Amino acid sequence: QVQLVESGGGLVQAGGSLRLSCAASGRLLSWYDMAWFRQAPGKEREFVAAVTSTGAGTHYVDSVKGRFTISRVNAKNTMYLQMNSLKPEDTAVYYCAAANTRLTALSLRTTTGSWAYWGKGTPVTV
Amino acid sequence: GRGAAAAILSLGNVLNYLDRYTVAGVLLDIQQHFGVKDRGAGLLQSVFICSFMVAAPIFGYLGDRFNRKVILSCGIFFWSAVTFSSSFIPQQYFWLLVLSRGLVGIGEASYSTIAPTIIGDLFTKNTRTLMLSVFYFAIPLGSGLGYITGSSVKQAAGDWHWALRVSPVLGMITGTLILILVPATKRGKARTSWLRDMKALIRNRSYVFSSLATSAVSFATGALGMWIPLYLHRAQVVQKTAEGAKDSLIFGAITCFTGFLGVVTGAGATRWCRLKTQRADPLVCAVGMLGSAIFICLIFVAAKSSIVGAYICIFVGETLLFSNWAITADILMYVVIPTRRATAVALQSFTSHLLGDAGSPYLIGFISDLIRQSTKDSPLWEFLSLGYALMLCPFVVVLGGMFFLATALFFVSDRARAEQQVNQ
């Protein structure tokens, strides 16, 4: 019974700084590993970043390292993702996803099938 | 084709836990038959548990080398035969009964460390979880049936020996089934790995406190389940009303019903408390510990008044104490990474048996003897001494509660450490 709300998405200047926020209100967020996916118009859902329950384990994509920083505040049940130096390929529809916490290698669970919870998804244009 | 095997294994586990506690329900008679002090009564259970914990890792390793069905069938027959032979020991020879209890412990350890692997191999789904729940729900039912069988057989045959005869025969009818209807499932450096796992788990904080808490729980459960029927019989003796098979019958029925109710209530409380904080699993357990303690001491103040008040306290304390069984496994699996989970489970079981159930009955008997030797000999003094000795149980319960509280304090930090190590 967890529902995710995305915010902070929209048309931005090329190479500008942006922040994306995912809010969970249905149940306590300290029990879920979260992630962000991007659906491209000409492609399918693609993995972007993921964070575990506490926030001590984060996983990215090799093409996004050093540019995006993902964090979370479990007190307010809000996950944030700061994106800087936006490349034109970053234009896509971002979906926040949550899954029940599991002690598995976060680098291994990028299959868009493990995440049983999804959000509306906001579009971002570079 | 596999459900029959699961049913037979569940019945075998029922028989296992019925035979394990059959001694307790007739323990008083044994102490009367051999004419020994309470130290020997404690020694029976202590030696049983010590042999169990010594033999458990060996059988756990051995179950991956040869045919599991063969080992299981051999162990069931071995322990059944040992129990049947012990049922004819002469009165003068007491230590032979203790040796038989040790052999029974080895045999039961084989079954307990083998059967769950077979059940896990048979099914791979939520049906596997359902089968495991059915198998592990046989523990309180088996203990209650063991108490009831011992008491009723002593009542009906007028001799305690027949109790030690009832369980093995069924095991024979069980054993053949294991060799016949149980299918053979073809499913599937160590020292250094174990040493590294132990070195890593020592540095872990919440795991150690959880192990101490479950050791305290095992201590309380073993001591109480061993000495409560004898204490109630002594109280009835000192009571003005003159009487104790019915006492053991009531205790066994309450044990089974409270085990079921407590497991269900603990699971439900964990489910309902997970929605408020992430530290729900330890804290709830801590509450249960406190919930037991305030009630356990209650019986030691209410035993001299009436039996009904004692049984009410037994019911409530059993429920609140048994509430922790389901939650302890989740507490363990939440912190330790899957690479070291098997070693963590083995070491936690070893430590819980060692620091807990291994010495609890013998320690209680030793305390009772020390208190009794310095005081006048009388049945009232026997009952009071046993009560004062069992008074050490709620103290350990409260210590375990504090350990659970510490586990709750370090829960999030250890979870973060575990996730960081997994992702590193």
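(A) Expanded view of the packing of aromatic side chains. Inspection of the entire model under this criterion finds 22 aromatic pairs over all chains. Each ring, one from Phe-137 of chain B and one from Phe-260 of chain B, has its centre 5.7 Å from the other, and the planes form 80°; the classification is edge-to-face. Here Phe-137 of chain B falls in the partly exposed class, since its relative accessible area comes to 35%. Members of the aromatic cluster, each reached through a chain of ring pairs, are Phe-37, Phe-47, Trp-115 and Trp-118 of chain A. Across from the ring centre of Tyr-17 of chain B, 4.4 Å away, lies the NZ or CZ of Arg-20 of chain B, which sits over that ring.

(B) Geometry of the domain arrangement of chain B. Residue and element names in this part refer to chain B. Considered domain by domain, chain B is made up of domain 1 (1-188) and domain 2 (189-424). A separation of 22 Å is found between the C-alpha centroids of domain 1 and domain 2. In this assembly, 29 residues from domain 1 lie in contact with 31 residues from domain 2. Secondary-structure elements contributing two or more residues to the side of domain 1 that touches domain 2 are α2 (22-25), α3 (27-34), α4 (38-62) and α8 (138-157).

(C) Focus on the state of the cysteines. Residue and element names in this part refer to chain A. Inspection of the entire model under this criterion finds 1 disulfide over all chains. Covalent S-S linkage joins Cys-22 and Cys-96, the inter-sulfur distance amounting to 2.0 Å. One disulfide, between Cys-22 and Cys-96, carries an S-S torsion of -85° and so falls in the left-handed class. Highlighted residues: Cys-22 in strand β2 (residues 18-24) and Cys-96 in strand β8 (residues 92-100), separated in sequence by 74 residues. For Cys-96, a relative accessible area of 0% corresponds to the buried category.

(D) Representation of the packing of helix α11 (residues 206-238) of chain B against helix α18 (residues 379-390) of chain B within the structure. Residue and element names in this part refer to chain B. Between α11 and α18, the shortest axis-to-axis distance is 9 Å and the interhelical angle comes to 145°. Handedness of the α11/α18 crossing: left-handed. Contact with α11, carried on its side by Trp-227, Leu-230, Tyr-231, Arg-234, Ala-235, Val-237 and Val-238, involves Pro-379, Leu-380, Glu-382, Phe-383, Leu-386, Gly-387 and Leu-390 of α18 and no other residues of that element. For the contact of α11 with α18, the class distribution of residues is 11 nonpolar, 1 polar and 2 charged.

(E) Local environment of the interface of chain B and chain A. Taken together, the contacts link 21 residues of chain B with 19 residues of chain A. Both faces considered, chain B and chain A share a buried interface measuring about 1,400 Å² in area, 62% of it formed by carbon and sulfur atoms. If you sort the residues of chain B by the area they bury against chain A, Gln-278, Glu-419 and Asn-423 of chain B come out on top, with a joint share of 40%. If you look at where chain B meets chain A, you find 0 salt bridges. Summed over the shared surface of chain B and chain A, the result is 6 residue pairs in polar contact. Among the elements of the structure, α15 (324-335) and α19 (392-423) of chain B are those that each provide at least two residues to the side of chain B that touches chain A. Top element by residues in the side of chain B that touches chain A is α19 of chain B. It accounts for 8 residues. Its residues assigned to classes, the side of chain B that touches chain A comprises 11 nonpolar, 4 polar and 6 charged.

Basis of the calculations
- Residues numbered from 1 in each chain as written, not as in the entry; some residues may be left out.
- Chains lettered and ligands numbered in written order.
- Heavy atoms only, no water.
- Residues with missing side-chain atoms left out of burial classes, pairs and counts.
- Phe/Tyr/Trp six-rings, centres within 6.5 Å; stacked < 30°, edge-to-face > 60°.
- Buried < 20%, exposed > 50% of the residue type's maximum accessible area, 1.4 Å probe, protein only.
- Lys NZ or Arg CZ within 6 Å of the ring centre and 35° of its normal.
- Domains from an automatic or database assignment.
- Contact = heavy atoms within 4.5 Å.
- Helix = DSSP H or I, 4+ residues; strand = E, 2+ residues; numbered from the N terminus.
- Disulfide = S-S within 2.5 Å.
- Axes fitted to C-alpha atoms, helices over the stretch in contact; angles between N-to-C directions.
- Left-handed = near helix turned anticlockwise from the far one by under 90°.
- Nonpolar A, V, L, I, M, F, W, Y, C, P; charged D, E, K, R; others polar.
- Buried area = accessible area lost by both parts, 1.4 Å probe.
- Salt bridge = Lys/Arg side-chain N within 4 Å of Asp/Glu carboxyl O.
- Polar contact = N/O pair within 3.5 Å; in protein donor to acceptor, adjacent residues only side chain to side chain.

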